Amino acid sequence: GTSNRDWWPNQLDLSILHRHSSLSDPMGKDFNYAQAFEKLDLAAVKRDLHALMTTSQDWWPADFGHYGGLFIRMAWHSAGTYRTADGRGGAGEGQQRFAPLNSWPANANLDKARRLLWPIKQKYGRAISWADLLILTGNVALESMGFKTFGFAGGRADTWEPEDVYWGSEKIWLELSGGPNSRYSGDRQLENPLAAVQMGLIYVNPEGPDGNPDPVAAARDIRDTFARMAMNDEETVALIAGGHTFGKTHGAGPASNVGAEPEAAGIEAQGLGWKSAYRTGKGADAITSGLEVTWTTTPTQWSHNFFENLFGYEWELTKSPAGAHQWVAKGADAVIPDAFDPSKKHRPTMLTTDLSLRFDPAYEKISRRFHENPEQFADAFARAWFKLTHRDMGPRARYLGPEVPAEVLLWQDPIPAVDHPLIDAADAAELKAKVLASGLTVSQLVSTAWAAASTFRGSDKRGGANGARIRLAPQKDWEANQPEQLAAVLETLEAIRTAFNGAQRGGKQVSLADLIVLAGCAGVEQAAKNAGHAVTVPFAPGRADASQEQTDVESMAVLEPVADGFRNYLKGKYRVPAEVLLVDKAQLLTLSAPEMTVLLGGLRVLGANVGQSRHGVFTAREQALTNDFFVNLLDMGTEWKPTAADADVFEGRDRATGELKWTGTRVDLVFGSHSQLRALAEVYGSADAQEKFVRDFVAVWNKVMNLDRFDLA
């Protein structure tokens, strides 16, 4: 069947905004996963998972009699798709169970691991999500094998369809770099927002870069990709050596024995894939990656034997039975147990990427410290495993259950507890009138609140106005935030706050985070009044102010908005057209196409553009909240043409006289071009729509102001 994507492969795709509707969700619209989870008997779940670890099923027999290694790799892969650049990927939505992740080559035979867990999922039903179960299972594995975890939080609600994520442009699984859709350019520079070296891998190629078995060069790829997953050198060494303390790889025969991935298999495979014609197809004959390595002498128990081996032997390049490059210990005795035959033993083996931990000079120092002090190793691995598996969960307010750790970690962008009474509606009214009396304009108040709140991204639930981090490094100096204007606004609001707080009793006070948002609300109310409309913008207090010491400046860098179509901003010239970047930002904000449209049209006429650009400001009453953007955009009396200076800027001229009326960007004009967006613009540009436009704008403004407010969930 030929589709619109086939005929117009470069048109903008809006379906990405319209996923996760109540149509596709089988749970009631009233279902609240947090409340279901809070009544789960988590201890009972963990006992069943503990019993599972050593209950081998004949359709996928457990190596060494223990599924622990399999499940730790399963949880690691669930979390390991995360990219700091956009927050997309991670374990938080249980997306391993859907396309394309369920069928990535690097996920081969994790379909078996998930199926092992069905009986437990079936038993507990809606009170534990797949997403939470995958993580919990990896924790129980580690515990059952003698490793003390740092903690676990529930609260990952299941999703019911695949996410639309850019995983790369290659058309061939595992394609080596330098092809027509190369994710690499220059000196091995990986394109943003990607965090893997090849399409269908998690981080790196276990044989080495593009299959070249050089541990030194492999270390560069490890460092790059792990950094793009928010992990530093210590964390990376802890994780890889920690994971590879357990279990084994599977490469018993040639890879050409392995059939179709789950999404391509026949109907009879019932959602499983990679069916293998090599010998029994499973167990001792398993083929997963094509590598055949077993790292330690006790693969089913926590130990420090990974480093004892890595440092205690010299390593020789060899090939598995499938032909993959891997390494074996020179001169060693057969000390590693076999997974099925207790009368066979093997020499120690390693992957190229394991040897990176010894042959890269910065890794080596950490690996040596962890070898000499395995208690330091254990603690670093526990902390890193917690971070790995929770990095996309969002604020601590979303963490559920009895195993949540009490230690607050810097990477959580923590927000202090509120320890005083909050402002009420009459105080809010009083503050809004003081803000308006100070002389701050609609444009300044709207712009500042939009800057503070619009750092939120629903992908990993980081960012938003809670914390008042806009006043801190590095937000206060971002070019999109207009640092000089911002500093002057913030100083006026801080003086209002100090005067309000100093006049109170009872210990009531207002945070600056709350006041920035409330001042934005006042701005919107005043804009509506300027157009002849009386509205109240809803406001919910309770935000708190974070300190600079509770804010990791480097980790905050990925939230910098380099493209923000809502403020008509583009920090430089990109390969991706600006309208595509708009839709991308809208998806991170959790906005539908109607919400995006109304929000943008309102922000234009309120003066939210960076630098006070007149691009898209299609009104003669700036700072009044009207539907003028839409009415003027859609006026066929105006003709539009790209400028000589810039193909990305357009002049709108009177068709009859040639007089210049307006200028706009691709982000402004896409609303009069794209057939679905123009149909939305028409609704808000109609003669009956001014009241609807105001009401819808206020509702979307309030939604953005509240995006991080999980303390009110």
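The numbering used is simple: start at 1 and walk along the sequence shown.
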Original post:
Per the PDB record, is the mean Cα temperature factor higher over 244-252 or over 169-177?
Top reply: 169-177
Subject >> Average Cα temperature factor in the PDB entry - higher stretch of 663-671, 26-34 >> reply: 26-34
Original post:
From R156, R114, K529, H371, pick the one with the largest CA B-factor in the entry?
Top reply: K529
Subject >> Residue of maximum C-alpha B factor among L52, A644, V45, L680, per deposited coordinates >> reply: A644
Subject >> B-factor third for the C-alpha atom of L40 within its chain >> reply: middle
Subject >> Lowest, middle or highest third - CA B-factor, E191 >> reply: highest
**OP:** Quick one: classify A91 as lowest, middle or highest third of the chain based on its Cα B-factor.
**Re:** lowest
Subject >> Third of chain Cα B-factors occupied by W640 >> reply: middle
Original post:
Split the chain's modelled residues into thirds by Cα B-factor; is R279 in the lowest, middle or highest one?
Top reply: highest
